[PDB]
Ligand SMILES: Nc1ncnc2c1ncn2[C@@H]1O[C@H](COP(=O)(O)OP(=O)(O)OP(=O)(O)O)[C@@H](O)[C@H]1O
Ligand SMILES: Nc1ncnc2c1ncn2[C@@H]1O[C@H](COP(=O)(O)OP(=O)(O)OP(=O)(O)O)[C@@H](O)[C@H]1O
Ligand SMILES: [Mg+2]
Ligand SMILES: [Mg+2]
């Protein structure tokens, strides 16, 4: 044991090099509100990581004739006039590598979790060009979010940008953490072509929220493959601005090496606010909602690196799940509409439904997965292809039913079917379901087998039926898993077991659901 | 402030005073004008901070 | 009875319309403040 | 001789030249970035002269790693894009560098992307109708062959779906050539469109130029002109009929606003560039057809924050023969293609150009829908039950008309499965005449969604 | 080594220092005004470094009477607040100078008001209930230990009585301490609060920090941080659970906005400072539980224009975990602590954190009270007899449920004499389970008034 302790320090001592080289040292002539002007540094690169003497760093944005304007990252309260500023010979870049798996790192890759340094393979520039049009292929394989609503109605495909969006306290981080946790079954396979690594970039979230998300991931074994880039609300605007870019860099290193990544950005609205701060402190004129004209460029530059590469570039992918905090369901505001224009579909989590008890509060009709359907296992597509329109129609019809004395028999049937399907989709927190379970549960409702069950008991009927199947006719689950199709033989078996159960199922009123 | 001064002299001497201002929006506009002529930075509705 | 139901629906729709119009009014108020500040600060920046 | 980079402000680079070698406006300059991770030959476009032999340039590639004091060599000519029959069937970037195979097009004729729009003497207003097969467009907003078309929309309304729908309607059977310009749209959409055209065998007749979102404002504003130069080469040098799709033209103005705030030009009304009208005009005016040579154009326009009064859409409205204003309200009703029947307009909706019956039916439909909009307040609070009987019947057939304008577009297949249908103009006119007269006030509303045709209407009515 | 005042523009003061002696950001500098009527020792907080060895500072005191060229002496440390057991029972300003006994606390340990939040590794990953012992809070609005509680209020709704009650409970149940930060506090209401706490005999367990409204924006912005520094000392040194009141947090935001305007920063959003979220994080994130000791906080949040989408509340409410709203409706009916069961809410009230039984009973109580509120219109217009048997039963049960959420608050001991009540959490859960099942519906309404728990209910009923 002591041998390794001595050997590591011995290697450090012997490897120490008297590196006497040439550093261009400049001097700060001004500093305030996260911006520092540095005269000198005649050979500085635009967006270079200048290193100020307090250990803090800065990104050189404006290279004027007199001086360099640097956005300071982190504790700018240490900066003062006259301090030496040293180059670092690296354009804005972050370390990347497999060592980041299971580490909470501030937006520059410096670990904050308290564990040791990170063995970075290399450094990646935060501003590398996204894959060109000819370097992609349409997303062709699913990313099972573990949520019946998302994986049935608006599926997320590997390489897709699915924008979770909704008011405060509406179940967004819950959906993202659930989709991170659900990937453990794939991670354990040990197959890079199927493993899904994760990166959770918290922008402006409270420290306690990041701690809770980390605990939720740890309890579900998700820290073996999940990185956290924490730019808490305490950090300055610079960290909140470039946290998504460092998360995207960590993810891109793996994406270009043939692996699959799931980048969550929580919230990109807090990145936009931090960039508004940086730009206005730089006196760049504001635009709509006081944002700079290039906020769209910020978010698109970010999310356009989330792609499904071609087989010629390793066939890797990076799925983005940006979270946008709307204000009072203003989906037409500036930042929401931007991120919708960049992303490939939105899951709108309505607050009225969240308070009403419908969790996750997926607002049907407004929610859609543009490049969905293609990335969805054939069983789920055959069983849930029509679910979104049916649920939206039920929502439209509920307003009429809320005031109608009586309705057409067809309208009554649709109202009932919707009132059972919405209860079926509802799901408890941190309780992801494998794809087989999701397809069976959605099959129960879409094919009408729930129509005999009272609404209030649907949750139990499904919840227990999956248990009944789970160890009485596991042939169904294994068939779905291996074949990924709901074969007619398996469908007949499934309806047989559903009826066998319904005979023995007792509702809350004591009535049989036969 | 002149009214407040005349009032405060009576106030500190043990008397009870009642000060009316028709209208403080016109003081605010006056101070806005003075500040903007002095190049002091403007905030909401052009008012100085 | 139909009048009770119809006017309950009308009150609910009026409340929802009031909420939506208040949200729109608040957003327009914020937009007016932002635009006014933009004009003032643009004038300042040109001295 | 060569200049010298003197200051860098994001994608804007100021370069100081010798006293006698200042480059002209819109001249292409070459700088170098040597930092290995992102070393590249950086193209700049001179946008201003600042005095003291300085010229301020926009950057086509992202100015990362660029160092003060590096050499800048003027090429003596503006950014050039390849042209010829060769550009058909290939994907190019804003600078004319081919993407599907990098070494392509470096031996073709190269045209400067900056050229004055055709002289007024050669313009004449096109008025021939372009039957697309969609009910809403063919009835209320008849597109103009050889003319400019637009598709205004917020985020998530159906601009790109309808753009590729019209690629299927028009380009798929077009006799001439086509060009598609990705101006600040998704690279995923670019790849999907490329593969779709390859599968539909339309690629061999399309030249694709992309300036997608992941690129700096420079290329994001010059990609439109890069595509438009190939379009104009086809229009003039070859005489072929041309299509020119541009998705999305608002990204042009947004890149303009970014470069404006960087160049130092003061902000305009809502932060846009003061030259919004001029920058938009010098682009749109080139997309016009001329006497004997047609260039149909179809531009998606992003209406930011669903605000149709924004200066960018408010400027691009005046440049269009046919405007199709997609709206959120129609989208949330599920009425695809989501066209607001009232806001949209076409200049050929004149009884002398489309015919008496067509115009009469269109105007009656518009009247019904306008009265429905005027009754929307009472409909929202009280309900249809409290209206007058004439208004009640009008609202019923207004709902039926409004649903009937929906159509199962071909491009919608991927999203819905149900195949696409094309309703010929005569059937649309007859069907909407019948709806307005009230012949179908008895069928349920649900029988008109996404049906597209009288025969399909009868079949779906029987199904319900 | 000492500088000179070179510019005075209202609160903003610019100070020149020798070449290598410029003070660091947020250092506190002392200047002197020597005029007879306005003699003062100004505290200037360095806000920006302007170059040429000039520092722009926001004066914490009026600059009326300051003279150019007057010496400015640098303390070398940020605004220092006294911290200790001695700050209990005294009232301070944002600069640490005592107000009821001037010169006091100058020998105490001094702490910089600017200090980082707890490192990530030291945050508690699980949210834990703070069992206040008040039925209504512990049942329907469970406070999060180490969280922030919105405290809406007004005139006469008993906000100050609730503040006294929470000081009492945190000082007798948890063995902790309370700190009151008057961010923009009316001098009249400040005096009233001081005398009321002195009369309630809880001042000895409370440290008051007032940034009075008459003071420039600097003190109104820094008083929250000074009070939170006192709380952080009580937490991280004396091992006490602390309760930090902040009336009013929106005035912290407004002070930040005003200082931002003074320094020349371009206003953002709706006129608020660009760094709004950053400042709010620097303040709130220091209010958290670390190493088993927590600074709970109750913050009065003024929502401007009654708009929760306004940036100020929309940034405060990202950090608030629970909301307590006091209404005239509940208060006038004799129900103290005046907490509105329906408008109030809490983020910890999910079955995951609280027990499933607790969630069930809380939801049932909310349901019954919501139905009673729905029926109150009918009660007031048509008379109670208009109700059905089920509706009458529900109304009777809801009356007693809402009257049972009252409690003989410890703060009321000074008035009624009877000692306050601390209901155990599970005891409250069982009591409201029984009461929502009607087991106590036969008792008269007056029995439930101001009764602390289940056994006290019976022992008071026997008096009727
Ligand atoms: N599917 C769910 N079922 C039940 N409760 C849920 C569900 N998802 C979230 N919650 C609960 O809702 C509350 C808020 O959840 P969450 O933090 O995910 O919301 P959010 O909108 O992302 O929040 P924020 O804006 O604060 O980050 C927590 O109590 C969480 O436990
Ligand atoms: N006719 C249709 N049928 C079914 N779904 C449709 C239809 N039109 C649009 N959609 C849905 O709406 C989404 C909108 O796609 P589209 O690319 O047109 O949106 P947009 O926001 O206008 O585009 P852009 O990102 O170019 O601004 C489609 O991906 C699909 O999900
Ligand atoms: Mg969250
Ligand atoms: Mg599109």
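Start at 1 and count along the chain as shown; that gives each residue its number.
Per the header: electron microscopy, 3.1 Å.
Each Cβ is built from the backbone N, Cα and C atoms, and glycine gets one as well.
What Swiss-Prot annotates here:
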- A:166, A:167, A:168, A:169, A:170, A:171, A:172, A:173: ATP binding site (BINDING)
- A:367: site 'Required for activity' (SITE)
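Of the listed binding-site residues, namely A:166, A:171, the sparsest CB environment within 10 A is found at A:171.
Apart from the site residues A:166, A:167, A:168, A:169, A:170, A:171, A:172, A:173, the chain places the Cβ of A:325, A:349, A:351, A:354, A:361 no farther than 8 Å from the centroid of the site's Cβ atoms, the recorded ATP location. In the three-state DSSP scheme, residue A:166 (ATP binding site) falls into the strand class. Applying an under-8 Å Cβ distance to chain E, the binding-site residues A:168, A:169, A:170 reduce to A:168, A:169. Residues from the binding-site residues list (A:166, A:170, A:173) with a C-beta closer than 6 Å to any atom of ligand 3: A:173. When the alpha carbons of residue A:170 (ATP binding site) and residue A:367 (site 'Required for activity') are compared, the span between them is 15 angstrom. Long-range neighbours of residue A:169 (ATP binding site) (same chain, six or more residues apart, CB within less than 8 Å of its CB): A:351, A:354. Rounded to a whole number, the distance between the Cα atoms of residue A:367 (site 'Required for activity') and residue A:171 (ATP binding site) is 15 Å. For residue A:168 (ATP binding site), applying a Cβ distance below 8 Å and a minimum sequence separation of six or more within one chain yields A:325, A:351. Using a 10 Å radius centred on the Cβ of residue A:170 (ATP binding site) and all shown protein chains, the other Cβ atoms total 25.
On a Cα basis, residue A:367 (site 'Required for activity') lies 14 Å away from residue A:172 (ATP binding site).
Geometry remark: residue A:173 (ATP binding site) versus residue A:367 (site 'Required for activity'), CA distance 17 Å. In this structure, the CA atom of residue A:166 (ATP binding site) is 11 Å away from the CA atom of residue A:367 (site 'Required for activity'). For residue A:167 (ATP binding site), the same-chain residues that are 6 or more apart in sequence and have a Cβ closer than 8 Å to its Cβ are A:325, A:326, A:327, A:328, A:329, A:349, A:350, A:351. Under a cutoff of 8 A between CB atoms, and with a sequence separation of 6+ in the same chain, the neighbours of residue A:367 (site 'Required for activity') are A:153, A:154, A:345, A:346, A:347, A:348, A:388. Under the three-state DSSP scheme, residue A:173 (ATP binding site) falls in the helix class.
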